[PDB]
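Note that the protein sequences, when read in sequence, are chains F and a.
Start counting the first sequence at 66; every next residue gets the next number (the entry's author numbering).
Start counting the second sequence at 64; every next residue gets the next number (the entry's author numbering).
To keep things clear, I will list the structure first and then write my remarks on it.
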Amino acid sequence: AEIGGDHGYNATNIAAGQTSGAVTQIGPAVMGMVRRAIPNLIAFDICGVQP
Amino acid sequence: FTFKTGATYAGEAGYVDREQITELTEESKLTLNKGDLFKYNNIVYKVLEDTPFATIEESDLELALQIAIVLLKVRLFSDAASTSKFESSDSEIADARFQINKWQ
């Protein structure tokens, strides 16, 4: 009669793996990284260039 | 842990049976009789000779109990359950528990 438990849903426990149950998981897997998008240039046609 | 205790929870010892079994205390060690079970440090024992701890002068109980085993006053009750124990449809069947902790 053994309990698997849940993390407290506290973001502190879930990241450490603390668990009320029998097992403390290694950690929170990974779902991948979310970067921030690189915003766009307006290019230079709007103004004469002349390198 | 299983390996530290020295006690057997699956057998004629049982677990819920260890409730009705009376621990050794300085008062209770005097009242033991032949065939009376007792647990100390959760290791159940069985009394071979009535009024054990009559000739044993050790005030310290842990070692007095430990020199009863060698003088065969009380044996260790690790013992296998007679088959009729688990068939009664009321059966306390020993539970086996684990815990998994990480060291990070």
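Beta carbons are placed, not taken as given, at the ideal position from N, Cα and C, and that holds for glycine.
Where residue i and residue j are concerned, what is the direct C-alpha to C-alpha distance, given to the nearest angstrom?
i	j	result
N104 (chain a)	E150 (chain a)	29 Å
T94 (chain a)	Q162 (chain a)	38 Å
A81 (chain F)	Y74 (chain F)	12 Å
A76 (chain a)	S147 (chain a)	14 Å
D113 (chain a)	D99 (chain a)	8 Å
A144 (chain a)	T65 (chain a)	19 Å
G69 (chain a)	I106 (chain a)	7 Å
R138 (chain a)	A117 (chain a)	16 Å
residue 59 (chain a)	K67 (chain a)	This structure cannot settle anything about residue 59 (chain a), because the visible part of chain a is limited to 64 through 167.
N96 (chain a)	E67 (chain F)	38 Å
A159 (chain a)	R101 (chain F)	50 Å
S122 (chain a)	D71 (chain F)	48 Å
Given residue i, which residues of its chain have a CB within under 7 Å of its CB, disregarding the five upstream and five downstream residues?
i	result
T85 (chain a)	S91 and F101
Return the Cβ separation of residue i and residue j in integer angstroms, given the expectation that the two are a contact with Cβ distance under 8 Å.
i	j	result
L111 (chain a)	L135 (chain a)	6 Å
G69 (chain F)	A94 (chain F)	Not a contact, Cβ separation roughly 17 Å.
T89 (chain F)	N164 (chain a)	6 Å
Let's test the definition: count the other Cβ atoms within 10 Å of the Cβ of residue i and tell me whether it reaches 16, buried, or not, exposed.
i	result
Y108 (chain a)	buried
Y72 (chain a)	buried
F109 (chain F)	exposed
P116 (chain F)	exposed
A131 (chain a)	buried
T84 (chain F)	buried
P115 (chain a)	buried
Who does residue i pair with in a DSSP beta bridge?
i	result
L100 (chain a)	a:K109
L139 (chain a)	a:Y108
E86 (chain a)	a:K102
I163 (chain a)	F:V88
What residues in its chain sit with their C-beta under 8 Å from that of residue i, if we drop five residues either side in the sequence?
i	result
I91 (chain F)	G82
Among the residues of its own chain, which have a CB less than 6 Å from the CB of residue i, if the five just before and after it don't count?
i	result
residue 175 (chain a)	The first residue shown for chain a is 64 and the last is 167, placing residue 175 (chain a) beyond what the model contains.
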